[PDB]
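The chain below stands alone and is given as structure tokens, in the form solved without the DNA.
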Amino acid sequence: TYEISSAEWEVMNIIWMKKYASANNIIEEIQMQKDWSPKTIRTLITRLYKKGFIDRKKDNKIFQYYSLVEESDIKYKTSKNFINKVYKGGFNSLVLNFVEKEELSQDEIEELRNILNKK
């Protein structure tokens, strides 16, 4: 529980990627998609720190940020909220809508099948 913005998702996704990332890694990475200033981005990092979503160690002189949060857990709780809002008909509404509308590759399709078979 407790919302995080689109921008915070971007920082977090990156920490869940390199596991440990310095402020500058994060700025370098992010600046590849979005045209944000370092100031802007440094702020986001601070808000997640102050917020307790992430913490930092200190390899060498440099500060490495890591997650104090359960990825699959927060994203999940986040999709639950997403569905409740948009798809009144539940999870299945979403999938039924995504399927008829997305031209899925045979591979993409198969990939979804054994995902359902694995318990």
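Note that residue numbering begins at 1 and tracks the sequence as displayed.
Visitor: Would 29-37 or 53-61 have the larger average of its C-alpha temperature factors, as given in the entry?
Guide: Comparing averages over the C-alpha atoms only gives 53-61.
Visitor: Taking the mean of the C-alpha B-factors per stretch from the entry, tell me the winner out of 84-92 and 43-51.
Guide: Per the PDB entry, the higher value belongs to 84-92.
Visitor: Split the chain's modelled residues into thirds by Cα B-factor; is residue 12 in the lowest, middle or highest one?
Guide: Ranked within chain, residue 12 CA B lands in the lowest tercile.
Visitor: In terms of the chain's CA B-factor thirds, is residue 104 lowest, middle or highest?
Guide: Its C-alpha B-factor, which the entry lists for residue 104, ranks in the highest third among residues of this chain.
The following text describes the form solved in complex with the DNA, which does not appear among the structures shown.
Visitor: Is the gap between residue 44 and the DNA in the deposited complex 4.5 Å or less for some heavy atom pair?
Guide: Yes, residue 44 sits close enough to the DNA in the deposited complex that at least one of its heavy atoms falls within 4.5 Å.
Visitor: I'd like to check something about residue 37: if you look in the deposited complex, is any of its heavy atoms closer than or equal to 4.5 Å to a heavy atom of the DNA?
Guide: Result yes; residue 37 sits at the interface with the DNA in the deposited complex.
Visitor: Would you please decide whether residue 77 lies within 4.5 angstroms of the DNA in the deposited complex, comparing each non-hydrogen atom pair?
Guide: No, no contact at 4.5 Å.
Visitor: Though only this chain appears here, would residue 91 touch the DNA in the deposited complex if you measure heavy atom gaps against 4.5 Å?
Guide: Output for residue 91 is no: heavy atoms all beyond 4.5 Å of the DNA.
Visitor: With the DNA taken in the deposited complex, which residues across 43-71 come within 4.5 angstroms through any non-hydrogen atom?
Guide: Those in contact are 43, 44, 47, 51, 56, 61, 62, 63.
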